[PDB]
Amino acid sequence: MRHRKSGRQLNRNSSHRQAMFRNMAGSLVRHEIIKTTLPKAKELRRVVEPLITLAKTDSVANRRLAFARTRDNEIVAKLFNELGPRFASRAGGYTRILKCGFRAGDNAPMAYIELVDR
Amino acid sequence: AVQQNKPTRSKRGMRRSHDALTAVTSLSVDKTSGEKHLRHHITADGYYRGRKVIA
Amino acid sequence: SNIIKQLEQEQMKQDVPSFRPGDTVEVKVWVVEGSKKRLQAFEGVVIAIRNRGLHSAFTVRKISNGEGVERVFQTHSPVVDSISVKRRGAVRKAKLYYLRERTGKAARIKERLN
Amino acid sequence: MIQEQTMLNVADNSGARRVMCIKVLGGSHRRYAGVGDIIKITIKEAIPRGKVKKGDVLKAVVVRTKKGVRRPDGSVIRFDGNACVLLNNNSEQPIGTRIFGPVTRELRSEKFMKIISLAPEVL
Amino acid sequence: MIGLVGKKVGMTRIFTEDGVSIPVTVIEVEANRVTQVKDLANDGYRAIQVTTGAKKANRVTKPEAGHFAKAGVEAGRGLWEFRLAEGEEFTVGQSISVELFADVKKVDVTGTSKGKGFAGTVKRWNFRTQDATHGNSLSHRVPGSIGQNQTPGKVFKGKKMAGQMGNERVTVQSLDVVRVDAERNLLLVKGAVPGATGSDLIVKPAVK
RNA sequence: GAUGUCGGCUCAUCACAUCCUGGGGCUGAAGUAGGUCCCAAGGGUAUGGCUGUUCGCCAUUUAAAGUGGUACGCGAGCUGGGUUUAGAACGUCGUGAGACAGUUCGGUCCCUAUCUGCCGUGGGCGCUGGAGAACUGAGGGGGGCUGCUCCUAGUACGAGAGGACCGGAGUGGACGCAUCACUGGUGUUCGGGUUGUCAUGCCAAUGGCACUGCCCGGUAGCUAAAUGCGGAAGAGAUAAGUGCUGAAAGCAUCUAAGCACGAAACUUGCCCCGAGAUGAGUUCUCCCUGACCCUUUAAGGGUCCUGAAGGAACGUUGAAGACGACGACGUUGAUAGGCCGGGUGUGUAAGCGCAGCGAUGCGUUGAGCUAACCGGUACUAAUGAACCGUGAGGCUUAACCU
RNA sequence: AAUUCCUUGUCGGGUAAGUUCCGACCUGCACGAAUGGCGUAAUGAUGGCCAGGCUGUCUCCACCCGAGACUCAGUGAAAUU
RNA sequence: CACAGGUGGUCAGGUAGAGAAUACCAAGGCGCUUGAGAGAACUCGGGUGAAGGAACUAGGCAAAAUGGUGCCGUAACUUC
RNA sequence: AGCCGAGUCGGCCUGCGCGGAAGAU
Ligand SMILES: *C(=O)[C@H](CCSC)NC=O
């Protein structure tokens, strides 16, 4: 049974899950639109949106927390200099998912995910 | 565990009576370009619900 | 649930003093022996607290007549008449289960006086 | 929660130090004994010149347990060990003359009033 | 006698002045509205049908709406039925409230239980496990033997095996009525009842 | 041209020559407690020491620890202690190779389920115009055990010692169903301590690897050791048995004609499934009211106009779930994620200042962080359409309206 | 008794309870002196028996982290008859 | 068989360490030639467990437990 | 026979029925 539970396993273990989602958050912030599998896109919202919420207040402590959760100074600088001010007056919902077709190699369903003001 | 008698072609068909595929009911037409697409999916040129999304 | 919250807030006490793990407390409870009622005292160290609204509880440990005893009290029961704080302690943790293996001088607790 | 092979301490001055449970009395297929129940025991360790010897078979009643007792409002009382008091195999009355340590109000019956009266504290 | 339809809210406790704690289940009972009366001449038995709750208009199909409009009552979330005894009468459009249980002492409650899915024999029928060591070979939770030899040469009907467990209708009998509150539409009973938070319940006076 | 043979474990089903509980007749039956026979198969019917043991003896329990059949039930379900291969030794027999229902130490247990059977869960068509709901009950399954204390009463009975029937009330053992308010377990998705080493330029601060590195606490969910409830009372027809009235047979006789009692067995009363019950049942509501042609003239084939009630498909999903199935919702919107406030857990963050030679301590500060929970809020995603389903529903006879 | 059929011989010790174990008796079915007899410190992945510590071996099983089993796309066997 | 097997000689960096043991790295070399989802019974490999502690079993089979350096101290018996 | 008026006692041979009669899907 899995009554009332939250989270996706994705046929991995916890360390691998954490590392992969770190990398993917970095890529989304860098490029502003990426292509991936639908379940992965649905999981990525819960990791990326809280970082943007954190970046609306600028302080040394918040910068250090973002560094702990990303490990990339370029990503930290973009978050605190461009994306917080852009989204200052919006209450959630910074991303958007669009379904595209199926993958040729293995028939996986696919989607684009992007920031809402690209 | 293995059979004792050889099964018949009639039985083969009876078992396969549940294997037929299903076709998509209908497609959708975009309001700006006029292309056909799967419902809730983008088109092959990059439209969705009237707006160009991908270049 | 608003309905259950309302049903629960009409049974709660409003006199409960404030205390922390590591303090010394005394609790007075009702005892019935036949047709008589009286109060009995239980004094000792607080090792655990459960903050759950009408369902709150706390646990007290003492050494009595050469034996160790523990009691788990439900905070809002009318069996409990009064709670009083006799000493204040200085600790770091929220639970103090490691005291079950200590005796005597090794079981002492420093005073806070904040 | 006392079952067969459990070892217990002794809370009276009859001479025994350690005892072992060999049967839970009552009904058929009964599993556990708690505070207030009567069990059958054998003696494993006794002091030199007491009233009982090592190897005897007797009855006893349980007075403290590590699992504890519940109360009508939901409270608990727990102790650090398991202890009992020795009884006579025919009359079911105490053998000793003194009681050591606290006991509980579960014993307040017409059968164990001597224990209640001799105890140093009833919780 | 007739009963009522309600909804499971949750579980709590009541403290008494002597220092006793009574665990309780809280049931919300709004007004039940009569939709149809069935008699001996036209149907062959004696009963009433009731509704309760509310439902959005664009989810009500035309057949259902016509049935409601015949009785002259607002739409609810379902329809239920109760059998009548000698000397009991009701009329269409009438309202029945939780003050019906003012003097009843014990009730029976009926609901749908939580669903566990596909289950093994250890959890479904309380079978005993075999040895975890001493040379056991891949047979730790398996069922064991299921029959005899050439006589009879088959498996008997009704054998206990693994399968779906839960998600069915259950009744629990003879629960004390602890409180009846009519200004807030509440009924408090002692003990646990089947179902999950938010499910439907049927409450009747006790048969034994 | 192969039907695996003792004992144990798991899981069972039937008989009655009845171990316990239920109902009776006789007693060399005063009471308590016993002996013997008749009726009755609903439910129930031990844990250990020794030995490969089935048995058996012994210790301590129980209302009681029944007797037999089912390939001496059960190895394509498990074990391998014993019997029954090849090594080695003792006693005994033989000149010897060797041998002994005599001992002793060691010694490979294979198979992915086609057909029947059994436990669960779907697709098709039928039930006579189509559709959405609520039911009746032919039939089937589950359940059915019992201890101790108190009153009646120290009464009936008895020289005394002892000590009841009948009828009431309470508290337990074993078993079954449900649930998470309380007591607790788990909680590699929440917080903290700390050993070795590598990196982010360096101080300070952080992250990766070593079984989650090793540990200390713990939210939601699941859950027992936790806490609610159950076995009935009533009714019908009876078994062994006990009777009323009454002849055949002027008396007597429970029976031949008539009438009355009588048990956990039978049929109901309690709980669950149930119209594929092809004998395919009933009740309430909703929808469809156009023109032509041909022919072998009929429950006939075709053309134009028309497309209802409702359903299915797709999307956001659930305390529902292997997949199907079942439930909620789709801008006239709280279905999921995010966002705002709270609660819960851990336990006084970073930066700065002060004291001290320093490790560290104190203030700002019950601080910072906080998953699955509670109450709210259209920021993001749930698109207009298209698809399936039709156009008033056969024949004969009867009774009523015209 | 690595030897004893009768046999779980009889007596003592250890356990609440010991056909195995340890010490003795002698009625040796069928021990016995280089196909050696009786003893012996140290050594042994050797046979038998008892204790302390320790535990999911067990009363009686509960939850969790991973790999298959289940669903979609590509390839694609076997014994038997 | 593009097979979890077998096959002699030489070279020997850093931190901690008795060490060519073990952990983390350098130079250098690799992610093992089917994938994507879901989060049932049962099987495989592991982590934790209230109260009891061999009651299991032919048998403590398997698991759990002990574990370093310096110093104090150590019995019957003996071929010393 | 029981407490007055036509039958009543018990042996023999033979036809057909009755008890003696408990088992495992
Ligand atoms: C007799 O000794 C036994 C009979 C075998 S019958 C299948 N064989 C032992 O090897």
Side-chain angles (χ1 to χ4, degrees), chain A residues 1-7 9 13-14 39 45 49 60-61 64 67-68 71 90-93 95-97 105-108 116, chain B residues 1-7 18 25-26 28 39-40 49, chain C residues 55 92 94-95, chain D residues 1 3-6 22-23 25-31 40 42 57 66-67 70 74 76, chain E residues 11-13 21 23 36 43-45 49 61-64 66-67 70 79 81 113-115 117-120 128 130 133-139 141-152 154-157 159 161-164 167 169-174 190-192 194 196 208:
Chain A
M1 299 168 262
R2 56 150 293 285
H3 293 178
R4 308 284 274 182
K5 291 204 203 202
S6 190
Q9 192 200 307
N13 63 22
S14 319
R45 295 174 301 180
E49 313 229 45
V60 165
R64 283 173 187 212
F67 186 61
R71 298 304 281 184
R90 198 184 273 269
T95 55
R96 179 189 278 139
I97 296 165
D106 50 5
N107 202 43
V116 297
Chain B
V2 71
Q3 71 209 13
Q4 274 188 15
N5 298 97
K6 176 172 160 173
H18 287 283
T25 292
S26 58
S28 289
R39 196 145 184 91
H40 291 91
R49 284 180 73 184
Chain C
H55 303 301
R92 305 278 300 249
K95 310 301 206 253
Chain D
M1 260 194 212
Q3 56 183 102
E4 269 180 79
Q5 311 286 316
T6 303
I22 74 180
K23 189 71 77 208
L25 310 171
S28 175
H29 264 118
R30 184 166 174 174
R31 291 185 178 95
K40 194 102 186 202
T42 173
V57 182
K66 285 205 52 157
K67 217 197 67 69
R70 309 274 313 259
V76 202
Chain E
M11 274 190 102
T12 194
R13 74 169 128 191
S21 202
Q36 204 177 325
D43 306 57
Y45 69 108
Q49 200 197 57
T61 58
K62 282 176 127 279
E64 285 163 70
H67 186 67
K70 219 231 182 171
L79 301 166
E81 246 198 88
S113 63
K114 294 171 124 185
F118 203 109
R128 289 335 188 194
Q130 312 193 35
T133 44
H134 288 289
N136 197 285
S137 272
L138 305 176
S139 325
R141 286 172 85 89
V142 297
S145 190
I146 71 183
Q148 297 91 35
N149 214 285
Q150 181 174 173
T151 303
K154 65 175 186 184
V155 177
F156 296 131
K157 208 156 34 167
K159 186 87 179 63
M161 295 176 138
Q164 159 80 40
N167 201 29
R169 167 177 179 129
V170 174
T171 299
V172 181
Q173 287 176 320
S174 294
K190 187 202 178 183
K208 301 190 176 158

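Below, read A as the first sequence line, B as the second, and so on, with proteins coming before strands; counting in each chain starts at 1. Note that these values count all heavy atoms, side chains included, but never hydrogens, waters or copies made by symmetry.
- Nucleotide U15(H) carries a north-puckered sugar, as indicated by a positive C1'-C2'-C3'-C4' torsion.
- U317(F) and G327(F) make a Watson-Crick or G-U wobble pair, with both donor-acceptor distances under 3.5 Å.
- Every residue meeting the side-chain contact (heavy atoms from CB on, under 4.5 Å) condition with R169(E), not counting sequence neighbours, appears here in chain and number order: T110(E).
- Applying the 3.5 Å cutoff to both bonds, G42(F) and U21(F) register as a Watson-Crick or G-U wobble pair.
- For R4(A) and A320(F), the shortest distance from a side-chain N or O to OP1 or OP2 is not below 4.0 Å.
- Of the listed nucleotides (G66(G), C284(F), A16(G)), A16(G) has the atom at the smallest distance from the side chain of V57(D).
- RNA chain F is contacted by both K67(D) and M161(E); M161(E) maps to the nucleotide lying nearer its 5′ end (nearest heavy atom per residue).
- Distances shorter than 4.0 Å separate some side-chain N or O of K208(E) from OP1 or OP2 on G231(F).
- Counting to the nearest Å, the P atom of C14(F) and the CD atom of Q148(E) are 10 Å from each other.
- Neither OP1 nor OP2 of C387(F) sits under 4.0 Å from any side-chain N or O of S26(B).
- Look at NE2 on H3(A): it is 13 Å from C1' on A220(F), rounded to the nearest Å.
- Nucleotides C244(F) and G124(F) fail the pairing criterion: they make neither a Watson-Crick nor a G-U wobble pair with both donor-acceptor distances under 3.5 Å.
- Interface remark: the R2(A) side chain does form a donor-acceptor pair with the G321(F) base, using a distance-only criterion of under 3.5 Å.
- Using a 90° window around 0 for the glycosidic torsion, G80(F) falls inside it and is classed as syn.
- With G132(F), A386(F), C78(F) as the choices, the nucleotide that has an atom nearest any side-chain atom of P63(E) turns out to be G132(F).
- Both distances falling under 3.5 Å, in either a Watson-Crick or a G-U wobble arrangement, place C373(F) opposite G342(F).
- When every heavy atom of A196(E) is checked against every heavy atom of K114(E), the shortest pair comes out as CB-CE, 4.1 Å.
- Between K66(D) and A162(E), the residue whose closest nucleotide on RNA chain H is further toward the 5' end is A162(E).
- The six-membered base rings of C222(F) and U223(F) sit with centres under 5.5 Å apart and planes under 30 degrees, so these neighbours stack.
- Shown here are the side-chain contact (heavy atoms from CB on, under 4.5 Å) partners of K95(C), two or more places apart in sequence or in another chain: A48(C), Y97(C).
- Nucleotide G154(F) is annotated as unpaired relative to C78(F) [Watson-Crick or G-U wobble, both distances under 3.5 Å].
- Bounding nucleotides for the chain A contact on RNA chain H, 5' to 3', at a heavy-atom distance below 4.0 Å, are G35(H) to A40(H).
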Tabulated below should be each protein N or O lying under 3.5 Å from an N or O of nucleotides 324-327 of chain F; please produce it.
none

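- In this structure, the side chains of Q36(E) and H67(E) come closer than 4.5 Å at one or more pairs of heavy atoms.
- With a ring-centre distance below 5.5 Å and an interplanar angle below 30°, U136(F) is stacked on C135(F).
- In terms of position along RNA chain H, the nucleotide closest to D106(A) lies nearer the 5' end than the nucleotide closest to the other residue of the pair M1(D) and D106(A).
- With sequence neighbours excluded, no residue satisfies side chain to side chain donor-acceptor pair (under 3.5 Å) with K67(D).
- The side-chain heavy atoms of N5(B) and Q3(B), taken from C-beta on, include no pair separated by under 4.5 Å.
- At a cut-off of 3.5 angstrom, counting only N and O atoms as typed in the model, there is a donor on one side and an acceptor on the other between the side-chain of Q3(B) and the base of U80(G).
- Here the nucleotide nearest the side chain of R71(A), chosen from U380(F), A232(F), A199(F), is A199(F).
- One finds a side-chain N or O of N149(E) lying less than 4.0 angstrom from the OP1 or OP2 phosphate oxygen of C74(F).
- Base stacking is absent between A69(G) and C70(G); the centre distance of their six-membered rings and the plane angle do not both fall under 5.5 Å and 30° respectively.
- One finds no side-chain N or O of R64(A) lying less than 4.0 angstrom from the OP1 or OP2 phosphate oxygen of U206(F).
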Worksheet entry | Reading 5' to 3' through nucleotides 174-184 of chain F, protein heavy-atom contacts under 4.0 Å coded B for base, S for sugar-phosphate only, - for none | SSS-SSSBBSS
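- For the strand RNA chain H, secondary-structure stems (runs of at least three Watson-Crick or G-U pairs, all distances below 3.5 Å) span G:61-68 with H:42-49, G:70-73 with H:34-37, H:13-15 with H:23-25.
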Are there any protein N/O atoms within less than 3.5 Å of an N/O atom in nucleotides 142-144 of chain F, and if so, which ones and at what distance?
none

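- Applying the 4.0 Å criterion to OP1 and OP2 of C64(G), one finds that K5(A) has a side-chain N or O inside that range.
- Of all nucleotides listed (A16(G), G122(F), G221(F)), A16(G) comes nearest to the side chain of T42(D).
- The heavy-atom pair separating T12(E) from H55(C) by the smallest distance is OG1-NE2, 4.4 Å.
- Residue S137(E) places at least one side-chain N or O under 4.0 Å from the OP1 or OP2 atom of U79(F).
- Checking the phosphate oxygens (OP1, OP2) of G321(F), a side-chain nitrogen or oxygen of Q164(E) falls inside 4.0 Å.
- Residues forming a side-chain contact (heavy atoms from CB on, under 4.5 Å) with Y45(E) (at least two apart in sequence, or on another chain): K38(E), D43(E), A47(E), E81(E), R83(E).
- Judged by ring centres under 5.5 angstrom and plane angles under 30°, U296(F) does not stack onto its neighbour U297(F).
- Checking the phosphate oxygens (OP1, OP2) of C119(F), no side-chain nitrogen or oxygen of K157(E) falls inside 4.0 Å.
- The phosphate of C379(F) has neither OP1 nor OP2 within less than 4.0 Å of any side-chain N or O from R96(A).
- With both distances required under 3.5 Å, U85(F) does not pair with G300(F) in Watson-Crick or G-U wobble fashion.
- For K154(E), taking side-chain heavy atoms from C-beta onward, the closest of the listed nucleotides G117(F), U380(F), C286(F) is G117(F).
- For the strand RNA chain I, secondary-structure stems (runs of at least three Watson-Crick or G-U pairs, all distances below 3.5 Å) are absent.
- A canonical Watson-Crick or G-U wobble pair links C354(F) to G361(F), with each of its two hydrogen-bond distances shorter than 3.5 Å.
- Considering only side-chain atoms of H40(B), the nucleotide from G330(F), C339(F), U60(F) that sits closest is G330(F).
- Within the shown strands, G228(F) is the pairing partner of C177(F) under the Watson-Crick or G-U definition, both distances less than 3.5 Å.
- Take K62(E) and apply the side-chain contact (heavy atoms from CB on, under 4.5 Å) test, not counting sequence neighbours, and it matches no residue.
- Mapped onto RNA chain F by nearest heavy atom, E49(A) and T95(A) fall at different nucleotides, with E49(A) at the one closer to the 5' end.
- Within the shown strands, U206(F) is the pairing partner of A199(F) under the Watson-Crick or G-U definition, both distances less than 3.5 Å.
- Looking at the side chain of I146(E), the nearest of the listed nucleotides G66(G), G117(F), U346(F) is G117(F).
- Using the rule of two distances under 3.5 Å, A378(F) and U186(F) do not count as a Watson-Crick or G-U wobble pair.
- For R4(A), there are no salt bridge (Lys or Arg N to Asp or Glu O under 4.0 Å) partners two or more places apart in sequence or in a different chain.
- Shown here is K159(E), whose NZ atom has more than 12 heavy atoms of other residues, nucleotides or ligands within 6.0 Å.
- Here the straight-line distance linking atom OG of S139(E) with atom CD of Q130(E) works out to 6.0 Å at 0.5 Å rounding.
- The side chain of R39(B) contributes no N or O atom lying less than 4.0 Å from OP1 or OP2 of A313(F).
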